[PDB]
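Chemist: Dropping the structure in here first, questions after.
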Amino acid sequence: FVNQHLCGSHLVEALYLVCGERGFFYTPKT
Amino acid sequence: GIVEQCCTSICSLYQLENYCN
Ligand code: NA
Ligand code: NI
């Protein structure tokens, strides 16, 4: 696999593909 | 964290996998 530059909704698309049915948590800094 | 690292720098799919449930 290659490294990623992912911002905004593109990061959540990447989490969805990586994790599939395992699900994931999206946890930005506040 | 990972949200900021992937956007300001770069990150790998293996780093992302740490956020799966
Ligand atoms: Na990768
Ligand atoms: Ni875009």
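Labeling convention for the structure tokens: chains A, B, ... as they appear, residues from 1 per chain, ligands from 1 in order of appearance.
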Within 10 Å of ligand 1, which residues show up when you count only C-alpha atoms and all ligand atoms? List them as number ranges by chain, please.
Modeler: A: 1-4, 18; B: 10-17
Chemist: Would you output that residue set with N, CA and C atoms, as a short mmCIF file (atom, residue, chain, number, x, y, z; two decimals), in the first residue's frame?
Modeler:
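The resulting again26.cif:
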data_model
loop_
_atom_site.label_atom_id
_atom_site.label_comp_id
_atom_site.auth_asym_id
_atom_site.auth_seq_id
_atom_site.Cartn_x
_atom_site.Cartn_y
_atom_site.Cartn_z
N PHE A 1 0.88 -1.25 0.00
CA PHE A 1 0.00 0.00 0.00
C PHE A 1 0.85 1.20 0.00
N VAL A 2 0.28 2.33 -0.37
CA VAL A 2 1.02 3.61 -0.43
C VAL A 2 0.58 4.50 0.72
N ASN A 3 1.40 5.49 1.07
CA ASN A 3 0.99 6.46 2.06
C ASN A 3 -0.02 7.40 1.47
N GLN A 4 -0.72 8.10 2.39
CA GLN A 4 -1.97 8.84 2.13
C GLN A 4 -1.87 10.26 2.57
N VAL A 18 -10.75 0.73 4.78
CA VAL A 18 -9.83 -0.10 5.61
C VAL A 18 -10.56 -0.99 6.53
N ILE B 10 1.28 12.90 6.25
CA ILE B 10 0.76 11.75 5.51
C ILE B 10 0.53 10.65 6.51
N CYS B 11 -0.22 9.61 6.14
CA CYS B 11 -0.41 8.53 7.05
C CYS B 11 -0.61 7.27 6.21
N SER B 12 -0.47 6.11 6.86
CA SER B 12 -0.57 4.86 6.12
C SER B 12 -1.91 4.16 6.44
N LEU B 13 -2.28 3.22 5.59
CA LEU B 13 -3.50 2.45 5.87
C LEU B 13 -3.35 1.62 7.16
N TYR B 14 -2.09 1.24 7.46
CA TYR B 14 -1.86 0.46 8.69
C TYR B 14 -2.07 1.36 9.90
N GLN B 15 -1.70 2.67 9.84
CA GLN B 15 -2.05 3.60 10.96
C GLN B 15 -3.57 3.71 11.07
N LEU B 16 -4.25 3.83 9.94
CA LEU B 16 -5.72 3.97 9.97
C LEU B 16 -6.39 2.76 10.60
N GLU B 17 -5.81 1.57 10.38
CA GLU B 17 -6.42 0.35 10.89
C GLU B 17 -6.53 0.35 12.42
#
Chemist: List all protein, DNA and RNA residues that have any atom at most 8 Å from ligand 2, counting only C-alpha atoms and all ligand atoms, and write the list as a list in words.
Modeler: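 Counting only C-alpha atoms and all ligand atoms, the residues within 8 Å of ligand 2 come out as residues 7, 8, 9 and 10 of chain A.
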Chemist: To one decimal place in Å, what is the distance between CA of residue 4 in chain B and CA of residue 21 in chain A?
Modeler: 24.3 Å
Chemist: Write out as JSON lines a residue-level contact list of chain A versus chain B with cut-off 6 Å: for each qualifying residue the closest pair of atoms and the distance in Å to one decimal, counting only C-alpha atoms, rows sorted by chain and residue number upward.
Modeler:
{"residue": "A:3", "atom": "CA", "partner": "B:12", "partner_atom": "CA", "distance": 4.6}
{"residue": "A:4", "atom": "CA", "partner": "B:11", "partner_atom": "CA", "distance": 5.2}
{"residue": "A:5", "atom": "CA", "partner": "B:10", "partner_atom": "CA", "distance": 4.8}
{"residue": "A:6", "atom": "CA", "partner": "B:7", "partner_atom": "CA", "distance": 4.9}
{"residue": "A:7", "atom": "CA", "partner": "B:7", "partner_atom": "CA", "distance": 4.5}
{"residue": "A:19", "atom": "CA", "partner": "B:20", "partner_atom": "CA", "distance": 5.3}
{"residue": "A:22", "atom": "CA", "partner": "B:21", "partner_atom": "CA", "distance": 5.4}
{"residue": "A:23", "atom": "CA", "partner": "B:21", "partner_atom": "CA", "distance": 5.3}
{"residue": "A:24", "atom": "CA", "partner": "B:20", "partner_atom": "CA", "distance": 4.0}
{"residue": "A:25", "atom": "CA", "partner": "B:19", "partner_atom": "CA", "distance": 5.7}
{"residue": "A:28", "atom": "CA", "partner": "B:3", "partner_atom": "CA", "distance": 5.3}
Chemist: Any chance you could list, as a compact mmCIF listing (two decimals) with N, CA and C atoms, in the first residue's frame, the residues in chain A that come up helix (DSSP H, G or I) when DSSP is run on the backbone?
Modeler:
# COMPACT_ATOMS: atom_id res chain seq x y z
N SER A 9 -13.65 14.67 4.48
CA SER A 9 -14.41 13.49 4.22
C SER A 9 -13.59 12.39 3.52
N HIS A 10 -12.47 12.76 2.88
CA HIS A 10 -11.66 11.76 2.26
C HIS A 10 -11.04 10.83 3.30
N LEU A 11 -10.76 11.34 4.50
CA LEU A 11 -10.25 10.42 5.56
C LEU A 11 -11.32 9.45 5.98
N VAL A 12 -12.58 9.91 6.08
CA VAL A 12 -13.55 8.94 6.53
C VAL A 12 -13.84 7.89 5.46
N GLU A 13 -13.77 8.24 4.15
CA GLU A 13 -13.87 7.24 3.14
C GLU A 13 -12.76 6.19 3.26
N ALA A 14 -11.52 6.65 3.56
CA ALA A 14 -10.43 5.73 3.74
C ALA A 14 -10.64 4.81 4.96
N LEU A 15 -11.11 5.36 6.07
CA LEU A 15 -11.43 4.49 7.20
C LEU A 15 -12.50 3.47 6.84
N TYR A 16 -13.52 3.91 6.10
CA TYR A 16 -14.53 2.95 5.74
C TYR A 16 -13.98 1.79 4.94
N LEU A 17 -13.09 2.08 4.00
CA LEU A 17 -12.51 1.01 3.14
C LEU A 17 -11.57 0.13 3.95
N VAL A 18 -10.75 0.73 4.78
CA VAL A 18 -9.83 -0.10 5.61
C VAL A 18 -10.56 -0.99 6.53
N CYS A 19 -11.56 -0.45 7.20
CA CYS A 19 -12.16 -1.18 8.33
C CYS A 19 -13.35 -2.07 7.91
N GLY A 20 -14.06 -1.70 6.84
CA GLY A 20 -15.19 -2.54 6.33
C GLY A 20 -16.16 -2.81 7.49
N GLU A 21 -16.56 -4.09 7.61
CA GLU A 21 -17.60 -4.41 8.54
C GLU A 21 -17.14 -4.33 10.00
N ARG A 22 -15.84 -4.16 10.24
CA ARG A 22 -15.41 -3.96 11.60
C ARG A 22 -15.90 -2.63 12.13
